[PDB]
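Participant: Structure file upload.json (JSON, C-alpha atoms and all ligand atoms) is given on the next line.
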[["chain", "number", "residue", "atom", "x", "y", "z"],
["A", 3, "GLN", "CA", -12.71, -0.34, 3.48],
["A", 4, "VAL", "CA", -11.06, -2.67, 0.96],
["A", 5, "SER", "CA", -12.73, -6.06, 0.51],
["A", 6, "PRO", "CA", -11.44, -8.29, 3.33],
["A", 7, "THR", "CA", -10.61, -11.66, 1.79],
["A", 8, "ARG", "CA", -7.53, -13.85, 1.92],
["A", 9, "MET", "CA", -6.87, -13.00, -1.74],
["A", 10, "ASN", "CA", -6.80, -9.26, -0.98],
["A", 11, "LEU", "CA", -4.44, -9.94, 1.92],
["A", 12, "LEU", "CA", -2.07, -11.60, -0.55],
["A", 13, "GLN", "CA", -2.33, -8.70, -2.98],
["A", 14, "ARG", "CA", -1.48, -6.32, -0.15],
["A", 15, "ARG", "CA", 1.46, -8.46, 0.93],
["A", 16, "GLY", "CA", 2.62, -8.48, -2.68],
["A", 17, "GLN", "CA", 2.51, -4.73, -3.00],
["A", 18, "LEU", "CA", 4.20, -4.27, 0.38],
["A", 19, "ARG", "CA", 6.99, -6.49, -0.89],
["A", 20, "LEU", "CA", 7.16, -4.53, -4.15],
["A", 21, "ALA", "CA", 7.42, -1.22, -2.30],
["A", 22, "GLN", "CA", 10.11, -2.68, -0.07],
["A", 23, "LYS", "CA", 12.03, -3.71, -3.17],
["A", 24, "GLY", "CA", 11.46, -0.21, -4.53],
["A", 25, "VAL", "CA", 13.10, 1.45, -1.54],
["A", 26, "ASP", "CA", 16.23, -0.66, -2.14],
["A", 27, "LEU", "CA", 16.23, -0.04, -5.90],
["A", 28, "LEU", "CA", 15.77, 3.72, -5.58],
["A", 29, "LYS", "CA", 18.49, 3.94, -2.93],
["A", 30, "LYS", "CA", 20.79, 2.17, -5.38],
["A", 31, "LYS", "CA", 19.71, 4.65, -8.08],
["A", 32, "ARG", "CA", 20.56, 7.51, -5.72],
["A", 33, "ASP", "CA", 23.93, 5.91, -5.06],
["A", 34, "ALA", "CA", 24.77, 5.80, -8.77],
["A", 35, "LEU", "CA", 23.65, 9.39, -9.20],
["A", 36, "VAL", "CA", 25.84, 10.48, -6.23],
["A", 37, "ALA", "CA", 28.77, 8.59, -7.79],
["A", 38, "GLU", "CA", 28.53, 10.59, -10.99],
["A", 39, "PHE", "CA", 27.84, 13.81, -9.02],
["A", 40, "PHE", "CA", 31.16, 13.48, -7.22],
["A", 41, "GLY", "CA", 32.68, 12.51, -10.55],
["A", 42, "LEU", "CA", 31.50, 15.86, -11.98],
["A", 43, "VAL", "CA", 32.19, 18.27, -9.10],
["A", 44, "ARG", "CA", 35.97, 17.95, -9.44],
["A", 45, "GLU", "CA", 35.57, 18.52, -13.17],
["A", 46, "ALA", "CA", 33.75, 21.71, -12.18],
["A", 47, "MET", "CA", 36.76, 22.64, -10.01],
["A", 48, "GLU", "CA", 39.21, 22.01, -12.85],
["A", 49, "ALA", "CA", 37.01, 23.91, -15.30],
["A", 50, "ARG", "CA", 36.89, 26.91, -12.96],
["A", 51, "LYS", "CA", 40.68, 26.74, -12.58],
["A", 52, "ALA", "CA", 41.26, 26.75, -16.35],
["A", 53, "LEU", "CA", 38.61, 29.45, -16.79],
["A", 54, "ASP", "CA", 40.26, 31.82, -14.31],
["A", 55, "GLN", "CA", 43.77, 31.30, -15.66],
["A", 56, "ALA", "CA", 42.73, 31.85, -19.30],
["B", 1, "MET", "CA", 25.90, 35.43, -25.99],
["B", 2, "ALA", "CA", 25.81, 38.36, -23.57],
["B", 3, "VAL", "CA", 28.43, 38.87, -20.86],
["B", 4, "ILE", "CA", 28.07, 41.70, -18.36],
["B", 5, "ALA", "CA", 30.91, 43.03, -16.22],
["B", 6, "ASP", "CA", 31.76, 46.41, -17.80],
["B", 7, "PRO", "CA", 31.05, 47.91, -21.20],
["B", 8, "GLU", "CA", 34.84, 48.31, -21.29],
["B", 9, "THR", "CA", 35.27, 44.55, -21.07],
["B", 10, "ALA", "CA", 32.26, 44.12, -23.36],
["B", 11, "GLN", "CA", 33.93, 46.01, -26.19],
["B", 12, "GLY", "CA", 36.74, 43.52, -25.67],
["B", 13, "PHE", "CA", 34.08, 40.89, -26.21],
["B", 14, "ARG", "CA", 33.20, 42.71, -29.42],
["B", 15, "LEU", "CA", 36.94, 42.48, -30.12],
["B", 16, "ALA", "CA", 36.34, 38.75, -29.72],
["B", 17, "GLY", "CA", 33.33, 38.95, -32.00],
["B", 18, "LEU", "CA", 30.47, 38.29, -29.61],
["B", 19, "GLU", "CA", 27.87, 40.58, -28.12],
["B", 20, "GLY", "CA", 28.35, 41.77, -24.55],
["B", 21, "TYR", "CA", 27.20, 44.54, -22.24],
["B", 22, "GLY", "CA", 27.81, 46.32, -18.96],
["B", 23, "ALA", "CA", 25.41, 47.77, -16.42],
["B", 24, "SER", "CA", 27.17, 48.38, -13.04],
["B", 25, "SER", "CA", 23.80, 47.86, -11.26],
["B", 26, "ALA", "CA", 21.51, 44.91, -10.66],
["B", 27, "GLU", "CA", 18.10, 45.81, -12.09],
["B", 28, "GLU", "CA", 19.61, 47.37, -15.22],
["B", 29, "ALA", "CA", 21.57, 44.17, -15.84],
["B", 30, "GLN", "CA", 18.46, 42.04, -15.31],
["B", 31, "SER", "CA", 16.44, 44.30, -17.63],
["B", 32, "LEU", "CA", 18.93, 44.04, -20.49],
["B", 33, "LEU", "CA", 19.13, 40.34, -19.69],
["B", 34, "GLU", "CA", 15.33, 40.31, -19.90],
["B", 35, "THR", "CA", 15.20, 41.77, -23.39],
["B", 36, "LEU", "CA", 18.11, 39.44, -24.27],
["B", 37, "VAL", "CA", 15.97, 36.46, -23.22],
["B", 38, "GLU", "CA", 13.05, 38.07, -25.09],
["B", 39, "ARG", "CA", 14.99, 38.45, -28.34],
["B", 40, "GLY", "CA", 17.93, 36.11, -28.23],
["B", 41, "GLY", "CA", 21.64, 36.51, -28.40],
["B", 42, "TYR", "CA", 21.30, 32.72, -28.70],
["B", 43, "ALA", "CA", 20.70, 32.40, -24.96],
["B", 44, "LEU", "CA", 24.02, 31.94, -23.17],
["B", 45, "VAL", "CA", 24.68, 34.70, -20.64],
["B", 46, "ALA", "CA", 27.35, 35.37, -18.02],
["B", 47, "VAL", "CA", 27.09, 38.16, -15.45],
["B", 48, "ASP", "CA", 29.83, 39.53, -13.16],
["B", 49, "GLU", "CA", 30.02, 37.92, -9.72],
["B", 50, "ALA", "CA", 30.08, 41.28, -7.95],
["B", 51, "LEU", "CA", 27.08, 42.35, -10.06],
["B", 52, "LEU", "CA", 24.78, 39.31, -9.93],
["B", 53, "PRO", "CA", 25.76, 35.85, -8.65],
["B", 54, "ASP", "CA", 22.38, 34.26, -9.47],
["B", 55, "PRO", "CA", 20.34, 35.98, -12.23],
["B", 56, "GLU", "CA", 17.83, 33.07, -12.19],
["B", 57, "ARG", "CA", 15.11, 35.49, -11.10],
["B", 58, "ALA", "CA", 15.07, 36.49, -14.78],
["B", 59, "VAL", "CA", 14.58, 32.82, -15.74],
["B", 60, "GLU", "CA", 11.55, 32.49, -13.49],
["B", 61, "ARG", "CA", 10.46, 35.93, -14.73],
["B", 62, "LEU", "CA", 10.32, 35.24, -18.47],
["B", 63, "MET", "CA", 11.25, 31.70, -19.46],
["B", 64, "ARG", "CA", 10.61, 29.10, -16.78],
["B", 65, "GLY", "CA", 10.78, 26.33, -19.39],
["B", 66, "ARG", "CA", 13.67, 24.62, -21.21],
["B", 67, "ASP", "CA", 16.34, 26.58, -19.22],
["B", 68, "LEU", "CA", 17.70, 27.78, -22.54],
["B", 69, "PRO", "CA", 19.43, 31.04, -21.45],
["B", 70, "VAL", "CA", 22.09, 29.51, -19.24],
["B", 71, "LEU", "CA", 23.22, 32.00, -16.59],
["B", 72, "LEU", "CA", 26.79, 32.03, -15.34],
["B", 73, "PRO", "CA", 28.73, 33.80, -12.61],
["B", 74, "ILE", "CA", 32.03, 35.13, -13.93],
["B", 75, "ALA", "CA", 35.18, 36.63, -12.43],
["B", 76, "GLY", "CA", 35.56, 40.31, -13.25],
["B", 77, "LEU", "CA", 38.65, 42.07, -14.52],
["B", 78, "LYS", "CA", 39.05, 43.84, -11.17],
["B", 79, "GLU", "CA", 38.50, 40.59, -9.27],
["B", 80, "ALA", "CA", 40.43, 37.96, -11.29],
["B", 81, "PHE", "CA", 43.49, 39.23, -9.42],
["B", 82, "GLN", "CA", 42.47, 37.02, -6.47],
["B", 83, "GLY", "CA", 41.06, 33.68, -7.67],
["B", 84, "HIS", "CA", 37.55, 34.23, -6.35],
["B", 85, "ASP", "CA", 36.31, 31.50, -4.00],
["B", 86, "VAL", "CA", 36.94, 28.22, -5.78],
["B", 87, "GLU", "CA", 37.09, 25.69, -2.93],
["B", 88, "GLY", "CA", 34.62, 27.41, -0.59],
["B", 89, "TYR", "CA", 32.53, 28.13, -3.66],
["B", 90, "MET", "CA", 32.33, 24.39, -4.22],
["B", 91, "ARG", "CA", 31.58, 24.02, -0.49],
["B", 92, "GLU", "CA", 28.55, 26.26, -0.88],
["B", 93, "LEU", "CA", 27.67, 24.50, -4.16],
["B", 94, "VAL", "CA", 27.44, 21.19, -2.27],
["B", 95, "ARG", "CA", 25.60, 22.90, 0.62],
["B", 96, "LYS", "CA", 23.14, 24.39, -1.88],
["B", 97, "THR", "CA", 22.81, 21.32, -4.09],
["B", 98, "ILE", "CA", 22.60, 18.12, -2.03],
["B", 99, "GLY", "CA", 21.66, 19.49, 1.39],
["B", 100, "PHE", "CA", 24.69, 18.03, 3.14],
["B", 101, "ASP", "CA", 27.92, 19.83, 3.91],
["B", 102, "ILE", "CA", 30.98, 17.77, 3.05],
["B", 103, "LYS", "CA", 34.74, 18.22, 3.18],
["B", 104, "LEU", "CA", 36.08, 15.67, 0.64],
["C", 240, "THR", "CA", -46.67, -14.88, -9.67],
["C", 241, "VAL", "CA", -48.73, -11.91, -10.81],
["C", 242, "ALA", "CA", -46.07, -11.03, -13.37],
["C", 243, "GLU", "CA", -45.92, -14.52, -14.89],
["C", 244, "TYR", "CA", -49.71, -14.57, -15.12],
["C", 245, "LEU", "CA", -49.93, -11.14, -16.80],
["C", 246, "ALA", "CA", -47.04, -11.95, -19.11],
["C", 247, "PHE", "CA", -47.73, -15.50, -20.20],
["C", 248, "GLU", "CA", -51.54, -15.65, -20.24],
["C", 249, "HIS", "CA", -52.47, -12.17, -21.42],
["C", 250, "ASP", "CA", -49.45, -11.31, -23.64],
["C", 251, "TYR", "CA", -48.13, -8.21, -21.89],
["C", 252, "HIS", "CA", -44.56, -6.93, -21.65],
["C", 253, "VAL", "CA", -44.17, -6.88, -17.88],
["C", 254, "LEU", "CA", -41.25, -5.08, -16.23],
["C", 255, "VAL", "CA", -40.64, -6.14, -12.64],
["C", 256, "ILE", "CA", -38.96, -3.60, -10.37],
["C", 257, "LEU", "CA", -37.76, -5.56, -7.35],
["C", 258, "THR", "CA", -36.70, -2.83, -4.95],
["C", 259, "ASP", "CA", -33.98, -3.27, -2.26],
["C", 260, "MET", "CA", -33.04, -6.96, -2.48],
["C", 261, "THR", "CA", -30.77, -6.76, 0.54],
["C", 262, "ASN", "CA", -33.65, -6.25, 2.96],
["C", 263, "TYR", "CA", -35.20, -9.45, 1.60],
["C", 264, "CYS", "CA", -31.96, -11.27, 2.21],
["C", 265, "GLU", "CA", -31.58, -10.02, 5.74],
["C", 266, "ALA", "CA", -35.16, -11.17, 6.38],
["C", 267, "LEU", "CA", -34.34, -14.69, 5.27],
["C", 268, "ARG", "CA", -31.10, -14.49, 7.25],
["C", 269, "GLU", "CA", -33.32, -13.73, 10.25],
["C", 270, "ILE", "CA", -35.33, -16.91, 9.87],
["C", 271, "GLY", "CA", -32.29, -18.96, 8.79],
["C", 272, "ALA", "CA", -30.39, -17.91, 11.89],
["C", 273, "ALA", "CA", -33.43, -18.67, 13.95],
["C", 274, "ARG", "CA", -33.34, -22.26, 12.72],
["C", 275, "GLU", "CA", -29.53, -22.78, 13.31],
["C", 276, "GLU", "CA", -28.98, -23.57, 9.62],
["C", 277, "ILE", "CA", -25.29, -23.38, 8.80],
["C", 278, "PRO", "CA", -24.16, -20.29, 6.91],
["C", 279, "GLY", "CA", -22.07, -19.58, 3.87],
["C", 280, "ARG", "CA", -19.99, -16.43, 3.74],
["C", 281, "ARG", "CA", -20.82, -13.80, 6.37],
["C", 282, "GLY", "CA", -23.73, -15.25, 8.30],
["C", 283, "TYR", "CA", -26.24, -15.58, 5.47],
["C", 284, "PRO", "CA", -27.80, -19.07, 5.35],
["C", 285, "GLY", "CA", -26.45, -21.65, 2.95],
["C", 286, "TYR", "CA", -29.65, -22.08, 0.95],
["C", 287, "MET", "CA", -29.73, -18.39, 0.04],
["C", 288, "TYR", "CA", -28.40, -18.95, -3.49],
["C", 289, "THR", "CA", -31.35, -21.15, -4.34],
["C", 290, "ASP", "CA", -33.84, -18.58, -3.07],
["C", 291, "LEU", "CA", -32.23, -15.77, -5.04],
["C", 292, "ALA", "CA", -32.37, -18.25, -7.92],
["C", 293, "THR", "CA", -36.05, -19.04, -7.67],
["C", 294, "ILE", "CA", -36.76, -15.34, -7.54],
["C", 295, "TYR", "CA", -34.50, -14.22, -10.40],
["C", 296, "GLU", "CA", -35.01, -17.19, -12.72],
["C", 297, "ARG", "CA", -38.67, -16.34, -13.29],
["C", 298, "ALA", "CA", -37.92, -14.07, -16.21],
["C", 299, "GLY", "CA", -37.44, -14.40, -19.92],
["C", 300, "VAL", "CA", -39.55, -15.17, -22.94],
["C", 301, "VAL", "CA", -41.28, -18.42, -23.74],
["C", 302, "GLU", "CA", -41.64, -20.07, -27.12],
["C", 303, "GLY", "CA", -44.90, -19.45, -28.93],
["C", 304, "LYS", "CA", -46.14, -16.88, -26.42],
["C", 305, "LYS", "CA", -45.53, -13.17, -26.86],
["C", 306, "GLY", "CA", -45.14, -12.29, -23.20],
["C", 307, "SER", "CA", -41.98, -11.12, -21.52],
["C", 308, "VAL", "CA", -40.70, -10.36, -18.03],
["C", 309, "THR", "CA", -37.84, -7.86, -17.71],
["C", 310, "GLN", "CA", -36.39, -7.91, -14.22],
["C", 311, "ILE", "CA", -34.62, -5.02, -12.54],
["C", 312, "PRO", "CA", -33.66, -5.68, -8.92],
["C", 313, "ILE", "CA", -32.26, -2.60, -7.20],
["C", 314, "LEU", "CA", -29.52, -4.14, -5.11],
["C", 315, "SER", "CA", -27.78, -2.25, -2.34],
["C", 316, "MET", "CA", -24.16, -3.22, -1.80],
["C", 317, "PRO", "CA", -23.59, -2.95, 1.98],
["C", 318, "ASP", "CA", -19.95, -2.01, 2.21],
["C", 319, "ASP", "CA", -19.94, -0.70, -1.40],
["C", 320, "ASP", "CA", -18.18, -3.78, -2.73],
["C", 321, "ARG", "CA", -18.85, -6.79, -4.93],
["C", 322, "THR", "CA", -17.34, -9.47, -2.71],
["C", 323, "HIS", "CA", -20.30, -9.39, -0.28],
["C", 324, "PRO", "CA", -22.63, -12.41, -0.57],
["C", 325, "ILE", "CA", -25.74, -10.45, -1.58],
["C", 326, "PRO", "CA", -24.31, -8.66, -4.68],
["C", 327, "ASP", "CA", -22.08, -11.65, -5.27],
["C", 328, "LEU", "CA", -24.75, -14.30, -5.52],
["C", 329, "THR", "CA", -26.90, -11.79, -7.39],
["C", 330, "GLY", "CA", -24.13, -11.53, -9.97],
["C", 331, "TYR", "CA", -23.84, -15.30, -10.19],
["C", 332, "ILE", "CA", -27.52, -15.98, -10.94],
["C", 333, "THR", "CA", -28.47, -13.17, -13.27],
["C", 334, "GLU", "CA", -27.16, -12.12, -16.67],
["C", 335, "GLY", "CA", -25.53, -8.74, -16.26],
["C", 336, "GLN", "CA", -25.28, -6.00, -13.70],
["C", 337, "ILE", "CA", -25.13, -2.22, -13.74],
["C", 338, "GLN", "CA", -22.94, -0.74, -11.02],
["C", 339, "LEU", "CA", -23.35, 2.82, -9.82],
["C", 340, "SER", "CA", -20.13, 4.47, -8.65],
["C", 341, "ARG", "CA", -19.97, 6.87, -5.73],
["C", 342, "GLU", "CA", -16.88, 8.53, -7.22],
["C", 343, "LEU", "CA", -18.73, 9.76, -10.31],
["C", 344, "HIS", "CA", -21.59, 10.84, -8.07],
["C", 345, "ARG", "CA", -19.39, 13.12, -5.97],
["C", 346, "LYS", "CA", -18.61, 15.06, -9.14],
["C", 347, "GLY", "CA", -22.33, 15.56, -9.71],
["C", 348, "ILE", "CA", -23.03, 13.08, -12.51],
["C", 349, "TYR", "CA", -26.52, 11.63, -12.74],
["C", 350, "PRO", "CA", -26.93, 8.71, -13.81],
["C", 351, "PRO", "CA", -23.78, 7.77, -11.89],
["C", 352, "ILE", "CA", -23.02, 4.66, -13.96],
["C", 353, "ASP", "CA", -19.50, 3.68, -14.60],
["C", 354, "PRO", "CA", -19.28, 1.34, -17.55],
["C", 355, "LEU", "CA", -16.06, -0.56, -16.81],
["C", 356, "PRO", "CA", -17.33, -2.67, -13.84],
["C", 357, "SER", "CA", -20.79, -3.23, -15.35],
["C", 358, "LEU", "CA", -21.79, -5.71, -18.05],
["C", 359, "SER", "CA", -24.77, -7.20, -19.84],
["A", 401, "LIG", "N1", -36.29, -25.34, 17.99],
["A", 401, "LIG", "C1", -36.33, -25.67, 16.69],
["A", 401, "LIG", "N2", -37.46, -25.55, 15.99],
["A", 401, "LIG", "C2", -37.53, -25.88, 14.70],
["A", 401, "LIG", "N3", -36.52, -26.36, 13.98],
["A", 401, "LIG", "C3", -35.32, -26.53, 14.56],
["A", 401, "LIG", "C4", -35.16, -26.19, 15.98],
["A", 401, "LIG", "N4", -33.89, -26.46, 16.28],
["A", 401, "LIG", "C5", -33.28, -26.93, 15.17],
["A", 401, "LIG", "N5", -34.14, -26.98, 14.13],
["A", 401, "LIG", "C6", -33.82, -27.43, 12.75],
["A", 401, "LIG", "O1", -34.26, -28.76, 12.53],
["A", 401, "LIG", "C7", -33.29, -29.48, 11.76],
["A", 401, "LIG", "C8", -33.06, -30.84, 12.40],
["A", 401, "LIG", "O2", -33.02, -31.85, 11.41],
["A", 401, "LIG", "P1", -33.67, -33.29, 11.68],
["A", 401, "LIG", "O3", -34.22, -33.27, 13.09],
["A", 401, "LIG", "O4", -32.69, -34.37, 11.29],
["A", 401, "LIG", "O5", -34.94, -33.27, 10.69],
["A", 401, "LIG", "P2", -34.91, -33.02, 9.10],
["A", 401, "LIG", "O6", -34.19, -34.20, 8.55],
["A", 401, "LIG", "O7", -36.37, -32.99, 8.74],
["A", 401, "LIG", "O8", -34.19, -31.71, 8.89],
["A", 401, "LIG", "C9", -32.02, -28.67, 11.75],
["A", 401, "LIG", "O9", -31.70, -28.31, 10.40],
["A", 401, "LIG", "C10", -32.32, -27.41, 12.53],
["A", 401, "LIG", "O10", -31.94, -26.27, 11.78]]
Show me, as structure tokens, the structure contained in the file I just sent.
Facilitator:
Amino acid sequence: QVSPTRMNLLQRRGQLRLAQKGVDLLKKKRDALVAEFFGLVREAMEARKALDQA
Amino acid sequence: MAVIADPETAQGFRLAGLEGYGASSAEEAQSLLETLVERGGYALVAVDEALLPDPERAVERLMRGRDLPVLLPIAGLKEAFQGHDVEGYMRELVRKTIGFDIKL
Amino acid sequence: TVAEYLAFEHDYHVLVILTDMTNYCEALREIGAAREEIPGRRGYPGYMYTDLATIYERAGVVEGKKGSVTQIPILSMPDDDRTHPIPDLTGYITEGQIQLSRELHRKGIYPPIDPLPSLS
């Protein structure tokens, strides 16, 4: 379908390598979001504790 | 800033100087919540946990955008004697939120 | 030949519609692969650029004479691409191209021209 030259093979290898970098970068983004999620869930516990006692 | 457990607690909220209500049934509470989203009490509502845990059906009913009326479960005056669910409530929060079940 | 005569010795404004220039090129690929003459890209014989040249280059206007030859070859891209040797060497002789897009045609748009890959 796409034009079969050696240049197009290099463009496809380049975008495969960019998507394989993107999997790593977005997993790292998910890791930072999970880090602040577990930083906030215990604040939710402490907020519910203070809310019920007051 | 409506809060719905009883009208008896809600006149205590008037004794705090904010508007509150009481319905003792689900559809009545969502209907008064619906007109409260329609004309605002500045869009910050808590409903009794034994009345409605998740009133978000009203959010997808009227105002799907901006999530401005924030809806909160709240421990009632006949229920705050026990300290409702806190740790298993966070268990089901994690189970609802991230998919996984954790212990931590 | 008839178009250069009618243009440049009787002062007409000839427009030459050269239909389906890929059937021409597969005909000369047939004789050029009869004679074992070594090919360029994708089987077409190596002297094909000069034959597309000595077709397409017989157009223009000449000084002092009021004739003119306006050529429109209706090319047919085989795989619907520009890298193929027939639309490619066509684009390297002539001055311009107009590319019809199948994507605009599926939405029911006649003339299905898209302007961004065409030039003049
Ligand atoms: N059976 C054939 N009949 C006619 N031409 C042929 C045949 N086989 C090969 N040829 C062509 O003849 C050419 C041979 O070149 P050559 O004999 O050196 O003469 P010239 O210098 O005139 O091309 C090749 O280019 C080849 O394509």
Participant: Could you please determine the separation between atom CA of residue 255 of chain C and atom CA of residue 336 of chain C in Å, to one decimal place?
Facilitator: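 Separation of atom CA of residue 255 of chain C and atom CA of residue 336 of chain C: 15.4 Å.
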Participant: What are the nearest atom pairs, with distances in Å to one decimal, for all residues of chain A that come at most 12 Å from chain C, using all atoms listed in the file, set out by chain and rising residue number as a tab-separated table?
Facilitator:
residue	atom	partner	partner_atom	distance
A:3	CA	C:318	CA	7.5
A:4	CA	C:320	CA	8.1
A:5	CA	C:322	CA	6.6
A:6	CA	C:322	CA	8.5
A:7	CA	C:322	CA	8.4
A:8	CA	C:322	CA	11.7
A:9	CA	C:322	CA	11.1
A:10	CA	C:322	CA	10.7
Participant: For chain B against chain A, which residues fall within 12 Å using all atoms listed in the file, given as a list in words?
Facilitator: residues 72, 73, 74, 75, 76, 77, 79, 80, 81, 82, 83, 84, 85, 86, 87, 88, 89, 90, 91, 93, 94, 97, 98, 102, 103 and 104 of chain B
Participant: Would you work out the distance separating atom CA of residue 242 of chain C from atom CA of residue 302 of chain C, expressed in Å to one decimal?
Facilitator: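 Spanning atom CA of residue 242 of chain C to atom CA of residue 302 of chain C is a straight-line distance of 17.0 Å.
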Participant: So what do you get for atom CA of residue 268 of chain C versus atom CA of residue 285 of chain C, distance-wise?
Facilitator: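 Atom CA of residue 285 of chain C lies 9.6 Å from atom CA of residue 268 of chain C.
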Participant: For ligand LIG 401 (chain A), return the neighbouring residues as an NGL selection string (distance at most 9 Å; all atoms listed in the file).
Facilitator: :C and (271-277)
Participant: Got a sec to check which residues sit within 9 Å of (25.3, 46.8, -13.1), counting all atoms listed in the file, and write them as a list in words?
Facilitator: residues 4, 5, 6, 22, 23, 24, 25, 26, 27, 28, 29, 30, 48, 50, 51 and 52 of chain B
Participant: Using the atoms already present, construct N, CA, C and O atoms for segment 312-323 of chain C and hand them back as a PDB file, in the coordinates of the input.
Facilitator:
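See rebuild19.pdb below for the written result:
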ATOM      1  N   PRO C 312     -33.793  -5.811 -10.366  1.00  0.00           N
ATOM      2  CA  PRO C 312     -33.660  -5.680  -8.920  1.00  0.00           C
ATOM      3  C   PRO C 312     -32.688  -4.558  -8.577  1.00  0.00           C
ATOM      4  O   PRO C 312     -31.609  -4.436  -9.151  1.00  0.00           O
ATOM      5  N   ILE C 313     -33.080  -3.730  -7.626  1.00  0.00           N
ATOM      6  CA  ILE C 313     -32.260  -2.600  -7.200  1.00  0.00           C
ATOM      7  C   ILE C 313     -31.484  -3.098  -5.988  1.00  0.00           C
ATOM      8  O   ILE C 313     -31.936  -3.002  -4.853  1.00  0.00           O
ATOM      9  N   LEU C 314     -30.301  -3.647  -6.228  1.00  0.00           N
ATOM     10  CA  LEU C 314     -29.520  -4.140  -5.110  1.00  0.00           C
ATOM     11  C   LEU C 314     -28.862  -2.986  -4.379  1.00  0.00           C
ATOM     12  O   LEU C 314     -28.695  -1.892  -4.911  1.00  0.00           O
ATOM     13  N   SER C 315     -28.436  -3.259  -3.160  1.00  0.00           N
ATOM     14  CA  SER C 315     -27.780  -2.250  -2.340  1.00  0.00           C
ATOM     15  C   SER C 315     -26.554  -2.925  -1.738  1.00  0.00           C
ATOM     16  O   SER C 315     -26.684  -3.703  -0.789  1.00  0.00           O
ATOM     17  N   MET C 316     -25.392  -2.663  -2.319  1.00  0.00           N
ATOM     18  CA  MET C 316     -24.160  -3.220  -1.800  1.00  0.00           C
ATOM     19  C   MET C 316     -23.909  -2.638  -0.413  1.00  0.00           C
ATOM     20  O   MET C 316     -23.952  -1.414  -0.254  1.00  0.00           O
ATOM     21  N   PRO C 317     -23.729  -3.474   0.621  1.00  0.00           N
ATOM     22  CA  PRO C 317     -23.590  -2.950   1.980  1.00  0.00           C
ATOM     23  C   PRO C 317     -22.351  -2.115   2.191  1.00  0.00           C
ATOM     24  O   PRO C 317     -22.438  -0.926   2.494  1.00  0.00           O
ATOM     25  N   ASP C 318     -21.194  -2.706   1.963  1.00  0.00           N
ATOM     26  CA  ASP C 318     -19.950  -2.010   2.210  1.00  0.00           C
ATOM     27  C   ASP C 318     -19.437  -1.309   0.957  1.00  0.00           C
ATOM     28  O   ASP C 318     -18.270  -0.901   0.921  1.00  0.00           O
ATOM     29  N   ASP C 319     -20.299  -1.150  -0.051  1.00  0.00           N
ATOM     30  CA  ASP C 319     -19.940  -0.700  -1.400  1.00  0.00           C
ATOM     31  C   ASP C 319     -18.816  -1.560  -1.967  1.00  0.00           C
ATOM     32  O   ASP C 319     -17.698  -1.105  -2.203  1.00  0.00           O
ATOM     33  N   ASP C 320     -19.119  -2.845  -2.132  1.00  0.00           N
ATOM     34  CA  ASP C 320     -18.180  -3.780  -2.730  1.00  0.00           C
ATOM     35  C   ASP C 320     -18.952  -4.906  -3.404  1.00  0.00           C
ATOM     36  O   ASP C 320     -20.150  -5.087  -3.183  1.00  0.00           O
ATOM     37  N   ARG C 321     -18.243  -5.685  -4.207  1.00  0.00           N
ATOM     38  CA  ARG C 321     -18.850  -6.790  -4.930  1.00  0.00           C
ATOM     39  C   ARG C 321     -18.586  -8.132  -4.278  1.00  0.00           C
ATOM     40  O   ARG C 321     -19.206  -9.120  -4.673  1.00  0.00           O
ATOM     41  N   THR C 322     -17.701  -8.196  -3.296  1.00  0.00           N
ATOM     42  CA  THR C 322     -17.340  -9.470  -2.710  1.00  0.00           C
ATOM     43  C   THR C 322     -18.395  -9.975  -1.731  1.00  0.00           C
ATOM     44  O   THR C 322     -18.457 -11.180  -1.464  1.00  0.00           O
ATOM     45  N   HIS C 323     -19.241  -9.074  -1.231  1.00  0.00           N
ATOM     46  CA  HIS C 323     -20.300  -9.390  -0.280  1.00  0.00           C
ATOM     47  C   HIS C 323     -21.258 -10.427  -0.867  1.00  0.00           C
ATOM     48  O   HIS C 323     -21.457 -10.469  -2.084  1.00  0.00           O
TER      49      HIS C 323
END
